[PDB]
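Okay, my_file_14.pdb now, which holds PDB, C-alpha atoms (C1' of nucleotides):
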ATOM      1  CA  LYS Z1079       1.221  -1.957 -48.837
ATOM      2  CA  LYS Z1080      -0.930  -5.105 -48.501
ATOM      3  CA  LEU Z1081      -0.517  -7.004 -45.264
ATOM      4  CA  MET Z1082       0.943 -10.531 -45.883
ATOM      5  CA  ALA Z1083      -1.816 -11.881 -43.540
ATOM      6  CA  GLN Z1084      -5.569 -11.458 -44.260
ATOM      7  CA  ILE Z1085      -7.553 -10.114 -41.356
ATOM      8  CA  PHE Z1086     -10.757 -11.543 -39.798
ATOM      9  CA  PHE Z1087     -12.945  -8.430 -39.993
ATOM     10  CA  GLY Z1088     -16.630  -7.551 -39.550
ATOM     11  CA  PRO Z1089     -19.176  -6.158 -37.044
ATOM     12  CA  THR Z1090     -19.268  -7.271 -33.350
ATOM     13  CA  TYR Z1091     -21.468  -5.872 -30.556
ATOM     14  CA  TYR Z1092     -19.328  -4.146 -28.034
ATOM     15  CA  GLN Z1093     -20.387  -2.686 -24.678
ATOM     16  CA  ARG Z1094     -19.050   0.539 -23.083
ATOM     17  CA  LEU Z1095     -18.610  -0.456 -19.445
ATOM     18  CA  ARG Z1096     -18.393   1.955 -16.461
ATOM     19  CA  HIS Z1097     -14.849   1.994 -14.933
ATOM     20  CA  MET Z1098     -13.179   4.879 -16.836
ATOM     21  CA  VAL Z1099      -9.576   6.048 -16.146
ATOM     22  CA  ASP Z1100     -10.597   9.534 -15.259
ATOM     23  CA  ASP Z1101     -12.831   8.204 -12.442
ATOM     24  CA  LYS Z1102      -9.856   6.176 -11.087
ATOM     25  CA  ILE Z1103      -6.624   8.345 -11.400
ATOM     26  CA  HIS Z1104      -5.393   9.386  -8.013
ATOM     27  CA  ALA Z1105      -2.196  10.949  -6.749
ATOM     28  CA  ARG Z1106      -1.166  12.290  -3.284
ATOM     29  CA  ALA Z1107       2.003  14.157  -2.273
ATOM     30  CA  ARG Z1108       0.965  15.043   1.297
ATOM     31  CA  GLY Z1109      -2.561  16.010   2.334
ATOM     32  CA  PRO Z1110      -5.301  15.385   4.930
ATOM     33  CA  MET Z1111      -4.454  13.236   7.973
ATOM     34  CA  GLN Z1112      -6.809  11.105  10.118
ATOM     35  CA  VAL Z1113      -7.504  12.492  13.601
ATOM     36  CA  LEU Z1114      -6.643   9.438  15.775
ATOM     37  CA  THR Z1115      -3.695   7.756  13.950
ATOM     38  CA  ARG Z1116      -2.289  11.010  12.344
ATOM     39  CA  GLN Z1117      -1.950   8.817   9.176
ATOM     40  CA  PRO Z1118      -3.218   9.696   5.600
ATOM     41  CA  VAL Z1119      -7.024   9.645   5.005
ATOM     42  CA  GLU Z1120      -8.741   6.864   2.975
ATOM     43  CA  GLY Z1121      -9.960   7.220  -0.599
ATOM     44  CA  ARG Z1122      -9.665   9.231  -3.831
ATOM     45  CA  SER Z1123     -12.824  11.280  -2.861
ATOM     46  CA  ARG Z1124     -11.041  12.515   0.338
ATOM     47  CA  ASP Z1125      -7.508  12.974  -1.279
ATOM     48  CA  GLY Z1126      -6.367   9.840   0.571
ATOM     49  CA  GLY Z1127      -3.081   7.978   0.650
TER      50      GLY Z1127
ATOM     51  CA  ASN N 225       9.839  -9.844  38.333
ATOM     52  CA  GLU N 226      10.311  -8.032  41.719
ATOM     53  CA  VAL N 227      10.925  -4.791  39.752
ATOM     54  CA  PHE N 228       8.601  -4.856  36.643
ATOM     55  CA  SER N 229       5.781  -7.384  37.340
ATOM     56  CA  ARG N 230       4.232  -8.706  40.588
ATOM     57  CA  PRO N 231       1.034 -10.877  40.792
ATOM     58  CA  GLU N 232      -0.507  -8.285  43.196
ATOM     59  CA  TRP N 233      -0.258  -5.902  40.159
ATOM     60  CA  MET N 234      -2.573  -8.222  38.047
ATOM     61  CA  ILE N 235      -5.430  -6.867  40.260
ATOM     62  CA  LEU N 236      -6.491  -3.236  39.698
ATOM     63  CA  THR N 237      -6.354  -0.744  42.616
ATOM     64  CA  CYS N 238      -5.613   2.451  40.610
ATOM     65  CA  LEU N 239      -6.678   2.518  36.913
ATOM     66  CA  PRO N 240      -4.696   4.703  34.419
ATOM     67  CA  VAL N 241      -6.858   7.395  32.774
ATOM     68  CA  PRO N 242      -5.915   7.753  29.034
ATOM     69  CA  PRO N 243      -5.506  11.324  27.690
ATOM     70  CA  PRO N 244      -7.783  12.919  24.998
ATOM     71  CA  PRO N 245      -5.438  12.118  21.974
ATOM     72  CA  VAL N 246      -6.285   8.371  22.715
ATOM     73  CA  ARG N 247     -10.079   8.990  22.813
ATOM     74  CA  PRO N 248     -10.750  12.139  20.659
ATOM     75  CA  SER N 249     -14.074  13.920  19.918
ATOM     76  CA  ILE N 250     -15.215  16.026  16.775
ATOM     77  CA  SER N 251     -18.486  15.183  14.849
ATOM     78  CA  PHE N 252     -20.263  16.047  11.450
ATOM     79  CA  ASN N 253     -22.506  18.840  12.957
ATOM     80  CA  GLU N 254     -21.046  21.636  15.175
ATOM     81  CA  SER N 255     -24.057  21.824  17.606
ATOM     82  CA  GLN N 256     -23.702  18.386  19.361
ATOM     83  CA  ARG N 257     -20.822  16.508  21.177
ATOM     84  CA  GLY N 258     -19.440  13.313  19.496
ATOM     85  CA  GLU N 259     -17.425  11.394  22.146
ATOM     86  CA  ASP N 260     -15.313   8.202  21.860
ATOM     87  CA  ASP N 261     -16.624   4.798  23.172
ATOM     88  CA  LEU N 262     -13.574   4.717  25.556
ATOM     89  CA  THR N 263     -14.745   8.072  27.070
ATOM     90  CA  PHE N 264     -18.382   6.751  27.405
ATOM     91  CA  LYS N 265     -17.065   3.583  29.097
ATOM     92  CA  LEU N 266     -14.782   5.577  31.458
ATOM     93  CA  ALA N 267     -17.857   7.724  32.416
ATOM     94  CA  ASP N 268     -19.683   4.362  32.912
ATOM     95  CA  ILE N 269     -16.907   3.038  35.237
ATOM     96  CA  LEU N 270     -16.980   6.376  37.172
ATOM     97  CA  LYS N 271     -20.831   6.144  37.616
ATOM     98  CA  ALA N 272     -20.148   2.608  38.969
ATOM     99  CA  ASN N 273     -17.302   3.861  41.266
ATOM    100  CA  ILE N 274     -19.193   6.862  42.801
ATOM    101  CA  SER N 275     -22.221   4.513  43.326
ATOM    102  CA  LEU N 276     -19.884   2.141  45.314
ATOM    103  CA  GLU N 277     -18.411   5.130  47.221
ATOM    104  CA  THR N 278     -22.000   6.318  48.091
ATOM    105  CA  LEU N 279     -23.321   2.854  49.223
ATOM    106  CA  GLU N 280     -20.196   2.169  51.420
TER     107      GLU N 280
ATOM    108  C1'  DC T   1      -8.700 -17.561  17.405
ATOM    109  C1'  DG T   2      -7.748 -17.836  12.447
ATOM    110  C1'  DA T   3     -10.378 -17.134   7.980
ATOM    111  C1'  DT T   4      -5.852 -12.809   0.193
ATOM    112  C1'  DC T   5      -4.537  -8.327  -1.002
ATOM    113  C1'  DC T   6      -5.356  -3.912  -2.394
ATOM    114  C1'  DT T   7      -8.724  -0.614  -4.808
ATOM    115  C1'  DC T   8     -13.444   1.847  -5.638
ATOM    116  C1'  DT T   9     -18.611   3.440  -5.106
ATOM    117  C1'  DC T  10     -23.257   3.590  -2.248
ATOM    118  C1'  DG T  11     -26.554   4.316   1.896
ATOM    119  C1'  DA T  12     -27.534   4.792   6.589
ATOM    120  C1'  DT T  13     -26.616   5.575  11.722
TER     121       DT T  13
ATOM    122  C1'   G L   1     -22.868  -2.669   6.058
ATOM    123  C1'   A L   2     -23.916  -3.962   1.048
ATOM    124  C1'   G L   3     -22.585  -3.644  -4.307
ATOM    125  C1'   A L   4     -18.531  -3.869  -7.336
ATOM    126  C1'   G L   5     -13.105  -3.907  -9.809
ATOM    127  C1'   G L   6      -8.099  -6.765 -10.827
TER     128        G L   6
END

Target encoding structure tokens, full file:
Amino acid sequence: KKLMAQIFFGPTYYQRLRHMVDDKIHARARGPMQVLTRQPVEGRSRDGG
Amino acid sequence: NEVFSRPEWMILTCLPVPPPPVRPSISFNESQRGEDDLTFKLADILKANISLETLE
DNA sequence: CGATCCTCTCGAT
RNA sequence: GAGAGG
């Protein structure tokens, strides 16, 4: 069925930026602890909290 | 406070030596040391204290 | 003696 | 330390 509204449609130059979910997802349920503070480590790369 | 704080206690006669969990080691390469600044400074104060003990 | 938060990556000592 | 993200 036809849409009641007519849509503005045509080509537009789009850019694929870096920043992709899969490079950002992070989860921690216990893991490596810092030596001094005995607190979770920092950063996704180190399985941080 | 007669019990907890006296002004004679604001001057240091005996300095408390912190344990290793306060100033820990461990590096990136297991061939060299890797000490804490606090440890290096305490070694520095000792060098200064033995020097004073010698001279006296 | 203060000077947003949190998050990432990088290189170099 | 710099470069960045909201």

* Go through the shown structure with the PyMOL selection byres ((chain L and resi 2) around 9) and write out the matching residues as a ChimeraX atom specification. => /T:10-11 /L:1,3

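On the file presented, the PyMOL selection byres ((chain Z) within 9 of (chain T)) picks out residues 1102, 1121 and 1122 of chain Z.
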
* For the file shown, what are the residues hit by the PyMOL selection byres ((chain Z) within 12 of (chain L)), laid out as number ranges by chain? -> Z: 1095-1098, 1102

* Shell around residue N:239 at 12 Å using only C-alpha atoms (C1' of nucleotides), local window under 4 positions removed, as an MDAnalysis selection string -> chainID N and resid 233:235 266 269:270 273

* Record the distance separating atom CA of residue Z:1114 and atom CA of residue N:246, expressed in Å with one decimal. => 7.0 Å

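Take atom CA of residue N:254 and atom CA of residue Z:1120: the distance between them is 22.8 Å.
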
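Going from atom CA of residue Z:1081 to atom CA of residue Z:1093 covers 28.9 Å.
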
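Each of Z:1106, Z:1118, Z:1125, Z:1112 was checked against chain N using only C-alpha atoms; the smallest atom-to-atom distance is that of Z:1112.
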
* To do: Find the residues in chain N near chain Z: any atom within 8 Å counts, using only C-alpha atoms. Write them as JSON, numbers by chain.
  => {"N": [245, 246, 247, 248]}

Could you add the missing atoms to stretch 1088-1099 of chain Z, up to N, CA, C and O atoms, and return them as a compact mmCIF listing (two decimals), in the frame of the given file?
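So the final result, stored in out03.txt, reads:
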# COMPACT_ATOMS: atom_id res chain seq x y z
N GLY Z 1088 -15.18 -7.68 -39.47
CA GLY Z 1088 -16.63 -7.55 -39.55
C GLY Z 1088 -17.23 -7.00 -38.27
O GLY Z 1088 -16.50 -6.78 -37.29
N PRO Z 1089 -18.56 -6.77 -38.24
CA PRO Z 1089 -19.18 -6.16 -37.04
C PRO Z 1089 -19.29 -7.11 -35.88
O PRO Z 1089 -19.47 -8.31 -36.11
N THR Z 1090 -19.14 -6.58 -34.64
CA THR Z 1090 -19.27 -7.27 -33.35
C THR Z 1090 -19.77 -6.27 -32.32
O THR Z 1090 -19.23 -5.17 -32.18
N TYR Z 1091 -20.82 -6.68 -31.58
CA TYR Z 1091 -21.47 -5.87 -30.56
C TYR Z 1091 -20.56 -5.74 -29.40
O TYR Z 1091 -20.12 -6.74 -28.81
N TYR Z 1092 -20.19 -4.50 -29.14
CA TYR Z 1092 -19.33 -4.15 -28.03
C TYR Z 1092 -20.10 -3.28 -27.09
O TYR Z 1092 -21.01 -2.54 -27.51
N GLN Z 1093 -19.76 -3.42 -25.79
CA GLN Z 1093 -20.39 -2.69 -24.68
C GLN Z 1093 -19.40 -1.70 -24.08
O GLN Z 1093 -18.23 -2.06 -23.90
N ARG Z 1094 -19.85 -0.47 -23.79
CA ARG Z 1094 -19.05 0.54 -23.08
C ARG Z 1094 -19.39 0.32 -21.62
O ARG Z 1094 -20.54 0.54 -21.20
N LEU Z 1095 -18.42 -0.20 -20.86
CA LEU Z 1095 -18.61 -0.46 -19.44
C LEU Z 1095 -18.33 0.81 -18.65
O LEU Z 1095 -17.66 1.70 -19.16
N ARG Z 1096 -18.76 0.85 -17.37
CA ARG Z 1096 -18.39 1.96 -16.46
C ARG Z 1096 -16.94 1.66 -16.15
O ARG Z 1096 -16.36 0.87 -16.90
N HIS Z 1097 -16.32 2.22 -15.11
CA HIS Z 1097 -14.85 1.99 -14.93
C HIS Z 1097 -14.12 2.69 -16.13
O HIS Z 1097 -13.89 2.09 -17.20
N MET Z 1098 -13.83 3.97 -15.91
CA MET Z 1098 -13.18 4.88 -16.84
C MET Z 1098 -12.01 5.49 -16.12
O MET Z 1098 -12.18 5.88 -14.96
N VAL Z 1099 -10.81 5.53 -16.77
CA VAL Z 1099 -9.58 6.05 -16.15
C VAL Z 1099 -9.82 7.22 -15.31
O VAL Z 1099 -9.44 7.23 -14.14
